[PDB]
Peer 1: 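The structure that follows is given in the form of C-alpha coordinates.
In what follows, chains carry the letters A, B, and so on, assigned in the order in which the sequence lines appear, proteins first and then strands, with residues in each chain numbered from 1. What you see below is based on every heavy atom in this structure, not just the backbone, and it leaves out hydrogens, waters and symmetry mates.
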Number of protein chains: 2
Amino acid sequence: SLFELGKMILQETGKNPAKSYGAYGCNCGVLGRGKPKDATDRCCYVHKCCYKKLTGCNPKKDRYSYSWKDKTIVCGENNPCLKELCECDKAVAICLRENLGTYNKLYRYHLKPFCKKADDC
Amino acid sequence: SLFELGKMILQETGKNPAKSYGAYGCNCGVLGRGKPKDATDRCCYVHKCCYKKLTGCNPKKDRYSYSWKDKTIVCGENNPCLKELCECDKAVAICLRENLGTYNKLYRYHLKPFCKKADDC
(Lines give C-alpha, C1' and ligand atoms only; values in the text may rest on other atoms or scores of the structure.)
Protein backbone atom coordinates (compact mmCIF):
# COMPACT_ATOMS: atom_id res chain seq x y z
CA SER A 1 0.00 0.00 0.00
CA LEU A 2 1.10 3.64 -0.03
CA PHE A 3 1.93 3.18 3.66
CA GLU A 4 4.79 0.86 2.74
CA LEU A 5 5.66 3.00 -0.27
CA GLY A 6 5.96 6.11 1.87
CA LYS A 7 8.19 4.29 4.32
CA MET A 8 10.45 2.97 1.55
CA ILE A 9 10.87 6.45 0.07
CA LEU A 10 11.89 7.74 3.47
CA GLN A 11 14.27 4.78 3.84
CA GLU A 12 15.86 5.21 0.45
CA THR A 13 15.87 8.97 0.01
CA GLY A 14 15.66 10.29 3.55
CA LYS A 15 13.31 12.92 2.13
CA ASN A 16 9.74 13.55 3.27
CA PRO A 17 7.85 11.56 0.61
CA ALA A 18 4.84 13.84 0.12
CA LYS A 19 6.94 17.02 0.12
CA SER A 20 9.24 15.76 -2.60
CA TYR A 21 7.05 13.27 -4.47
CA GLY A 22 3.39 13.84 -3.58
CA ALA A 23 3.10 16.25 -6.49
CA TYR A 24 6.13 16.32 -8.73
CA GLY A 25 6.35 16.30 -12.48
CA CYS A 26 3.69 14.59 -14.50
CA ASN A 27 3.90 11.25 -12.73
CA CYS A 28 4.71 11.56 -9.05
CA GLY A 29 1.63 11.76 -6.89
CA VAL A 30 -1.97 11.79 -8.02
CA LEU A 31 -3.66 12.30 -11.38
CA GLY A 32 -2.00 9.29 -12.99
CA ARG A 33 0.72 9.35 -15.63
CA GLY A 34 2.04 11.83 -18.18
CA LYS A 35 5.19 12.43 -20.24
CA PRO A 36 7.97 12.46 -17.63
CA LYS A 37 9.68 15.80 -16.97
CA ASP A 38 12.89 14.24 -15.75
CA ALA A 39 14.47 11.10 -14.30
CA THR A 40 12.63 11.41 -10.98
CA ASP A 41 9.35 11.81 -12.81
CA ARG A 42 10.31 8.75 -14.83
CA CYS A 43 10.66 6.71 -11.61
CA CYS A 44 7.06 7.56 -10.82
CA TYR A 45 5.97 6.85 -14.39
CA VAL A 46 7.62 3.42 -14.30
CA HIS A 47 6.15 2.92 -10.84
CA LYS A 48 2.64 3.65 -12.04
CA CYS A 49 3.10 1.28 -14.95
CA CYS A 50 4.37 -1.30 -12.45
CA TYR A 51 1.15 -0.89 -10.47
CA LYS A 52 -0.98 -1.04 -13.63
CA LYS A 53 0.54 -4.40 -14.59
CA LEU A 54 -0.55 -5.93 -11.26
CA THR A 55 -3.44 -8.31 -11.90
CA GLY A 56 -4.07 -9.97 -8.55
CA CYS A 57 -4.20 -7.24 -5.91
CA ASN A 58 -4.81 -3.57 -5.14
CA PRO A 59 -1.53 -1.61 -5.22
CA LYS A 60 -2.67 1.41 -3.23
CA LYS A 61 -4.78 -0.35 -0.59
CA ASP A 62 -3.12 -3.73 -0.05
CA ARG A 63 -0.55 -3.82 2.73
CA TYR A 64 2.45 -6.12 2.50
CA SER A 65 5.48 -7.07 4.50
CA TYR A 66 9.05 -6.14 3.74
CA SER A 67 12.34 -5.84 5.56
CA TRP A 68 15.31 -3.52 5.79
CA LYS A 69 18.35 -5.78 5.69
CA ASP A 70 21.81 -4.33 4.99
CA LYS A 71 20.22 -0.95 4.22
CA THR A 72 18.27 -2.70 1.48
CA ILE A 73 14.53 -3.10 1.00
CA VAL A 74 13.82 -6.80 1.06
CA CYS A 75 10.39 -7.89 -0.10
CA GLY A 76 9.59 -10.94 2.01
CA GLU A 77 6.08 -11.46 0.65
CA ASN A 78 5.07 -15.00 -0.21
CA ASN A 79 1.91 -13.63 -1.79
CA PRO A 80 2.95 -13.28 -5.46
CA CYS A 81 0.97 -10.12 -6.17
CA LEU A 82 1.99 -8.43 -2.90
CA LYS A 83 5.53 -9.51 -3.71
CA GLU A 84 5.33 -7.87 -7.16
CA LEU A 85 3.67 -4.89 -5.46
CA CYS A 86 6.49 -4.65 -2.93
CA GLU A 87 9.04 -4.86 -5.73
CA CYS A 88 7.21 -2.04 -7.57
CA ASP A 89 7.50 0.17 -4.50
CA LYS A 90 11.07 -0.85 -3.78
CA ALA A 91 12.05 -0.04 -7.36
CA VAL A 92 10.53 3.43 -7.24
CA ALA A 93 12.03 4.26 -3.86
CA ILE A 94 15.43 3.19 -5.15
CA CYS A 95 14.88 5.05 -8.39
CA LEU A 96 13.91 8.16 -6.47
CA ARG A 97 17.10 8.07 -4.38
CA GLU A 98 19.22 7.39 -7.45
CA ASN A 99 17.74 10.41 -9.16
CA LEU A 100 17.88 12.88 -6.31
CA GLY A 101 20.96 14.18 -8.14
CA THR A 102 18.77 15.73 -10.84
CA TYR A 103 15.72 16.35 -8.70
CA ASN A 104 14.34 19.75 -9.53
CA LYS A 105 12.11 21.64 -7.10
CA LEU A 106 10.47 23.52 -9.99
CA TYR A 107 8.73 20.28 -10.90
CA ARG A 108 7.06 20.22 -7.51
CA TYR A 109 3.37 21.02 -7.93
CA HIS A 110 3.84 20.78 -11.66
CA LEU A 111 0.49 21.30 -13.31
CA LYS A 112 -0.34 17.67 -14.12
CA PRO A 113 -3.50 18.24 -16.22
CA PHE A 114 -1.30 20.06 -18.75
CA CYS A 115 1.24 17.24 -19.04
CA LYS A 116 1.62 15.61 -22.43
CA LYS A 117 -0.35 12.35 -22.49
CA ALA A 118 1.73 9.31 -21.59
CA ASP A 119 2.53 6.40 -23.85
CA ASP A 120 0.80 3.27 -22.61
CA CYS A 121 2.72 1.05 -20.19
CA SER B 1 -12.35 13.13 -8.62
CA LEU B 2 -9.29 14.82 -7.16
CA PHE B 3 -9.71 17.34 -9.98
CA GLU B 4 -13.09 18.59 -8.74
CA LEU B 5 -11.89 18.33 -5.13
CA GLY B 6 -8.71 20.24 -5.92
CA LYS B 7 -10.67 22.96 -7.68
CA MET B 8 -13.21 23.32 -4.87
CA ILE B 9 -10.46 23.60 -2.27
CA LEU B 10 -8.83 26.20 -4.42
CA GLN B 11 -12.04 28.19 -4.90
CA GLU B 12 -12.93 28.06 -1.24
CA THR B 13 -9.54 28.45 0.40
CA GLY B 14 -7.60 30.34 -2.26
CA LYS B 15 -4.67 28.00 -1.59
CA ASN B 16 -2.98 25.54 -3.93
CA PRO B 17 -4.81 22.41 -2.77
CA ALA B 18 -1.90 20.07 -3.49
CA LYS B 19 0.71 22.14 -1.63
CA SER B 20 -1.53 23.14 1.27
CA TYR B 21 -3.56 19.96 1.67
CA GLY B 22 -2.05 17.13 -0.37
CA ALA B 23 -0.30 16.16 2.84
CA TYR B 24 -1.44 17.94 5.93
CA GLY B 25 -1.80 16.42 9.35
CA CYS B 26 -2.92 12.84 9.75
CA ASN B 27 -5.92 13.11 7.46
CA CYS B 28 -5.35 15.34 4.45
CA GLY B 29 -4.05 13.56 1.37
CA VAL B 30 -2.83 9.99 1.16
CA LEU B 31 -2.74 7.27 3.83
CA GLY B 32 -6.23 7.15 5.33
CA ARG B 33 -7.23 8.66 8.68
CA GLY B 34 -5.59 9.33 12.04
CA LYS B 35 -6.20 11.46 15.13
CA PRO B 36 -6.62 15.00 13.72
CA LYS B 37 -3.90 17.49 14.60
CA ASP B 38 -6.25 20.44 14.31
CA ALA B 39 -9.45 21.77 12.77
CA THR B 40 -8.00 21.69 9.24
CA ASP B 41 -6.87 18.12 9.76
CA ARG B 42 -10.33 17.33 11.19
CA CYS B 43 -11.92 18.53 7.95
CA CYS B 44 -10.01 15.86 6.08
CA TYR B 45 -10.91 13.33 8.75
CA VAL B 46 -14.59 14.12 8.25
CA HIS B 47 -13.99 14.13 4.53
CA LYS B 48 -12.58 10.60 4.56
CA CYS B 49 -15.41 9.43 6.79
CA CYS B 50 -17.75 11.06 4.27
CA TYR B 51 -16.09 9.09 1.45
CA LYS B 52 -16.60 5.91 3.43
CA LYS B 53 -20.36 6.43 3.43
CA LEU B 54 -20.37 6.66 -0.40
CA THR B 55 -22.27 4.03 -2.32
CA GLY B 56 -19.95 2.61 -4.97
CA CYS B 57 -18.62 5.53 -6.98
CA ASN B 58 -14.87 6.24 -6.90
CA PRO B 59 -14.03 9.52 -5.16
CA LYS B 60 -10.52 9.45 -6.62
CA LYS B 61 -11.32 8.73 -10.25
CA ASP B 62 -14.99 9.54 -10.86
CA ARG B 63 -15.64 13.01 -12.26
CA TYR B 64 -18.82 14.88 -11.42
CA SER B 65 -20.62 18.09 -12.17
CA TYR B 66 -20.55 21.06 -9.86
CA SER B 67 -20.65 24.77 -10.50
CA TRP B 68 -19.16 27.70 -8.61
CA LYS B 69 -22.15 30.07 -8.54
CA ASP B 70 -22.41 33.18 -6.36
CA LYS B 71 -19.19 31.96 -4.70
CA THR B 72 -20.89 28.77 -3.56
CA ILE B 73 -20.16 25.21 -4.61
CA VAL B 74 -23.27 23.81 -6.21
CA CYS B 75 -23.45 20.07 -6.61
CA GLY B 76 -25.65 19.93 -9.69
CA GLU B 77 -24.78 16.26 -10.08
CA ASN B 78 -27.94 14.14 -10.13
CA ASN B 79 -26.45 10.68 -9.85
CA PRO B 80 -26.91 9.61 -6.20
CA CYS B 81 -23.31 8.64 -5.41
CA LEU B 82 -21.60 11.31 -7.45
CA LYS B 83 -23.94 13.81 -5.80
CA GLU B 84 -22.90 12.65 -2.30
CA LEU B 85 -19.32 12.54 -3.53
CA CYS B 86 -19.65 16.12 -4.68
CA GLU B 87 -21.22 16.99 -1.34
CA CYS B 88 -18.35 15.34 0.51
CA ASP B 89 -15.85 17.43 -1.45
CA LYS B 90 -17.84 20.61 -1.05
CA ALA B 91 -17.99 20.07 2.69
CA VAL B 92 -14.23 19.57 3.02
CA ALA B 93 -13.47 22.58 0.83
CA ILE B 94 -15.74 24.74 2.94
CA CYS B 95 -14.33 23.24 6.13
CA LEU B 96 -10.75 23.94 5.07
CA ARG B 97 -11.65 27.51 4.15
CA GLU B 98 -13.48 28.03 7.45
CA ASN B 99 -10.43 26.79 9.33
CA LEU B 100 -7.77 28.58 7.32
CA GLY B 101 -7.10 30.82 10.30
CA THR B 102 -5.56 27.93 12.20
CA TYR B 103 -3.85 26.23 9.28
CA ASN B 104 -0.39 25.33 10.58
CA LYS B 105 2.36 25.00 7.98
CA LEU B 106 4.17 22.69 10.43
CA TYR B 107 1.50 20.09 9.66
CA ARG B 108 2.15 20.39 5.95
CA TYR B 109 3.96 17.21 4.88
CA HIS B 110 3.24 15.69 8.28
CA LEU B 111 4.59 12.15 8.50
CA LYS B 112 1.53 9.91 8.50
CA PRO B 113 3.13 7.01 10.39
CA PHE B 114 3.59 9.40 13.35
CA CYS B 115 -0.21 9.69 13.68
CA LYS B 116 -2.31 7.97 16.33
CA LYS B 117 -4.83 5.64 14.68
CA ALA B 118 -8.19 7.19 13.89
CA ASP B 119 -11.33 6.39 15.81
CA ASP B 120 -13.93 4.59 13.73
CA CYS B 121 -16.01 6.99 11.62
Side-chain angles (χ1 to χ4, degrees), chain A residues 1-2 4-6 8-14 16-25 27-30 40 43-44 47-48 51 59 62 64-68 71-75 85-86 88-100 103 105 107-110, chain B residues 5-6 9 13 16-18 20-29 32-34 36-41 43-49 51 92 95-96 99-100 102-104 107-111 113 115 118-119 121:
Chain A
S1 68
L2 307 186
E4 287 76 18
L5 178 60
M8 290 188 184
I9 296 184
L10 231 17
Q11 289 166 308
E12 285 292 316
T13 68
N16 187 299
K19 182 172 184 174
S20 278
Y21 310 109
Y24 178 102
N27 293 276
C28 297
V30 298
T40 291
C43 299
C44 294
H47 183 238
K48 284 181 175 172
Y51 275 11
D62 295 337
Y64 56 79
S65 200
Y66 75 96
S67 298
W68 180 248
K71 292 201 286 203
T72 302
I73 296 165
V74 177
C75 292
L85 179 54
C86 180
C88 287
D89 289 344
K90 169 177 180 176
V92 73
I94 287 177
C95 194
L96 290 179
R97 165 186 42 89
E98 293 166 341
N99 292 286
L100 273 177
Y103 182 98
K105 295 165 63 178
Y107 291 135
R108 291 178 167 165
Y109 310 118
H110 181 68
Chain B
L5 179 56
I9 290 176
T13 73
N16 182 311
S20 287
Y21 302 108
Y24 181 100
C26 302
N27 297 279
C28 306
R33 288 173 321 115
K37 305 298 286 193
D38 61 4
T40 284
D41 202 13
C43 300
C44 298
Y45 180 106
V46 166
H47 183 231
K48 290 192 166 149
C49 285
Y51 276 4
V92 73
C95 187
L96 294 175
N99 295 290
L100 263 181
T102 62
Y103 183 94
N104 191 334
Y107 295 139
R108 194 179 290 174
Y109 318 128
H110 184 258
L111 292 173
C115 301
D119 291 332
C121 290

Peer 1: When rounded to the nearest 0.5 angstrom, what distance separates OG1 in A:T13 from CZ in A:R97?
Peer 2: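 Answer rounded to 0.5 Å: 9.5 Å.
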Peer 1: Parallel, tilted or perpendicular for B:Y109 and A:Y109, by the 30°/60° rule?
Peer 2: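 Correct class here is parallel.
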Peer 1: Looking only at heavy atoms, what is the nearest atom pair of B:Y24 and B:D41, with distance?
Peer 2: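 B:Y24 and B:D41 have their closest heavy atoms at O-OD1, 3.4 Å.
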Peer 1: Walk me through whether A:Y21 and A:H47 qualify under side-chain contact (heavy atoms from CB on, under 4.5 Å).
Peer 2: CA-CA 12 Å; A:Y21 310 109; A:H47 183 238; over 6 Å; no
Peer 1: When you take the SG atom of each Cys, B:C28 and B:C43, is the space between them under 2.5 Å?
Peer 2: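 No, the SG atoms are not under 2.5 Å apart.
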Peer 1: Do A:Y64 and A:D89 have side-chain N/O donor and acceptor atoms under 3.5 Å apart?
Peer 2: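 Yes - a donor-acceptor pair under 3.5 Å links their side chains.
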Peer 1: Would A:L96 and A:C44 count as a side-chain contact (heavy atoms from CB on, under 4.5 Å) if you check the C-alpha gap in whole Å, the side-chain angles of each, and the deciding distance to 0.1 Å?
Peer 2: CA-CA 8 Å; A:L96 290 179; A:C44 294; 4.1 Å; yes
Peer 1: Would you check if the side chain of A:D62 reaches a backbone N or O of A:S1 as a donor-acceptor pair within less than 3.5 Å?
Peer 2: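 Not confirmed, A:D62 side chain does not pair with A:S1 backbone.
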Peer 1: Which heavy atom of A:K48 sits nearest a heavy atom of A:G29, and at what distance?
Peer 2: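 Shortest heavy-atom contact: NZ-O, 2.8 Å.
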Peer 1: How far does CG of A:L10 sit from CG of A:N16, to the nearest 0.5 angstrom?
Peer 2: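 One finds 7.0 Å between CG of A:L10 and CG of A:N16.
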Peer 1: Do the rings of B:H110 and B:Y107 sit parallel, tilted or perpendicular, given the 30° and 60° boundaries?
Peer 2: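 B:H110 vs B:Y107 ring planes: perpendicular.
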Peer 1: Would A:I73 and A:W68 count as a side-chain contact (heavy atoms from CB on, under 4.5 Å) if you check the C-alpha gap in whole Å, the side-chain angles of each, and the deciding distance to 0.1 Å?
Peer 2: CA-CA 5 Å; A:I73 296 165; A:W68 180 248; 4.0 Å; yes
Peer 1: Using side-chain contact (heavy atoms from CB on, under 4.5 Å), reason through A:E4 and A:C86 one step at a time and then give a plain yes or no.
Peer 2: CA-CA 8 Å; A:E4 287 76 18; A:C86 180; over 6 Å; no
Peer 1: Would you name the heavy atoms of A:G6 and A:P17 that are closest together and state the gap between them?
Peer 2: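 Shortest heavy-atom separation between A:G6 and A:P17 comes out as O-CG, 3.3 Å.
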Peer 1: For B:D119 and B:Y45, which heavy atoms make the closest approach, and how far apart are they?
Peer 2: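 Closest approach of B:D119 to B:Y45: O-OH, 3.0 Å.
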Peer 1: What closest approach, in Å, do A:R108 and A:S20 show between heavy atoms, and which atom pair accounts for it?
Peer 2: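 Residues A:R108 and A:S20, closest heavy atoms: NH2-OG, 2.9 Å.
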Peer 1: Can you give me the closest heavy-atom contact between B:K37 and B:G25, atom names plus distance?
Peer 2: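 Residues B:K37 and B:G25, closest heavy atoms: CG-CA, 3.9 Å.
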Peer 1: So among A:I94, A:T72, A:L100, A:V92, which one has a side chain to side chain contact (heavy atoms under 4.5 Å, CB included) with A:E12?
Peer 2: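 Testing A:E12 for a side chain to side chain contact (heavy atoms under 4.5 Å, CB included) against A:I94, A:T72, A:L100, A:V92 leaves exactly one candidate, A:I94.
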